[PDB]
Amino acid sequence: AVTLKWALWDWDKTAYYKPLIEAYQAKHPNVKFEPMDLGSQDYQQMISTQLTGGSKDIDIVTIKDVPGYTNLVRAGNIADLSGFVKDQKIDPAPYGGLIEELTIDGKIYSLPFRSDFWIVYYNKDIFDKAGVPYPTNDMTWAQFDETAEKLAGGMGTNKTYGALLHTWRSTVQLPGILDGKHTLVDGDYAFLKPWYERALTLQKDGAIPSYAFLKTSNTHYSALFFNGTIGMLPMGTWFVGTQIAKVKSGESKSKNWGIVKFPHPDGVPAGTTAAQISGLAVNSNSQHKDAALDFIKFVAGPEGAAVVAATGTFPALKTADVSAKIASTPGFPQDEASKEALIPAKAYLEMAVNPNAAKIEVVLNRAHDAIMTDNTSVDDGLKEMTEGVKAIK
């Protein structure tokens, strides 16, 4: 008989915690759970405080994002799982590279259990009306831009944008890490030059909404895609469940839709993408390491992945079984290509492990905003990213 205390966030709004607990307790009825909800607004601080002074009150530590992971490892608050993973023979391949991404000097301290990655959503009505065939699961970014440009046009009610690049720097920058040659945390940002050029071209041509208009109006990407005036939307997989729900309620008018794989740069395999994660970990000072390790393995593995997926959340595991559960959700697009897009070839983290990530964000966002508003040239903006990040202390 053990009670595992599970530090987590947003208990009432997070549909998967309860069924995960009930599914595990069904097989191990002697293990019970006290969920400790520390809130999302500054979870990182709150879990840090709760792990101080060698405290053993917490067993299972949820990790919100990569910076939270990095902080916990720097503080020494979570157990190395390397040996456990190896002994249990947990196959890393269906995590798409995330295990390796989370390995810090040969050591892994969390098992990812949810991971959203980047894809493209498209509105079939806009393709049909223009007589342009639907996007495929093998598109280069040059092809994507050609299609966006063809779809953009019309007057009045006919007025359509071929695509929408949201105001986050990631919509422009992520395509630039997909070849594996650079990350967005280290060194010289010159590599981003063609990536900015293509985005600025789309904008200057009116094929996508302008960055300045999106910033001044604060228009969320969903509102325009819901309006039915956007052909193609590069966005994370989180938008799948949202689009499903809103098409059901009638708030989204883009009721004929699909997804495809993230476009790839020349010479990169289709389905190469970027991702965000949440993970589970064990308090270094837990007195119930065995029980905690078994639970976190369950959650991150196929059984937990099925439970997560049944709530309309993308688990970290990407397999045939997870794809079937996702694509069987009523409202999920029933074309073959959409289902095939659910398992990436390879996922890079949007932002690699780096202790200065939050400070880097500030430098990159400022320059991004200057470039996209035509206030600094691309070359000058990338120089500002390179020099600003170097100067972080």
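Start at 1 with the first residue shown and count on from there.
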Comparing average C-alpha B factors as deposited, tell me which of 64 to 72 and 356 to 364 sits higher.
356 to 364
Which has higher Cα B-factors on average according to the PDB entry: 169 to 177 or 130 to 138?
130 to 138
Looking at 230, 111, 235, 322, which has the highest Cα B-factor in the entry?
322
Entry record, C-alpha B-factors for 83, 162, 304, 279; the maximum is at 83
Residue 78, C-alpha B-factor rank within chain (lowest, middle or highest third)
lowest
Should residue 273 be placed in the lowest, middle or highest third of its chain by the C-alpha B factor in the entry?
middle
Position of residue 290 among the chain's modelled residues by C-alpha B-factor, lowest, middle or highest third:
middle
Place residue 42 in the lowest, middle or highest third of its chain's C-alpha B-factors, as listed in the PDB entry.
lowest
Quick check for you: using the entry's CA B-factors within this chain, is residue 255 in the lowest, middle or highest third?
lowest
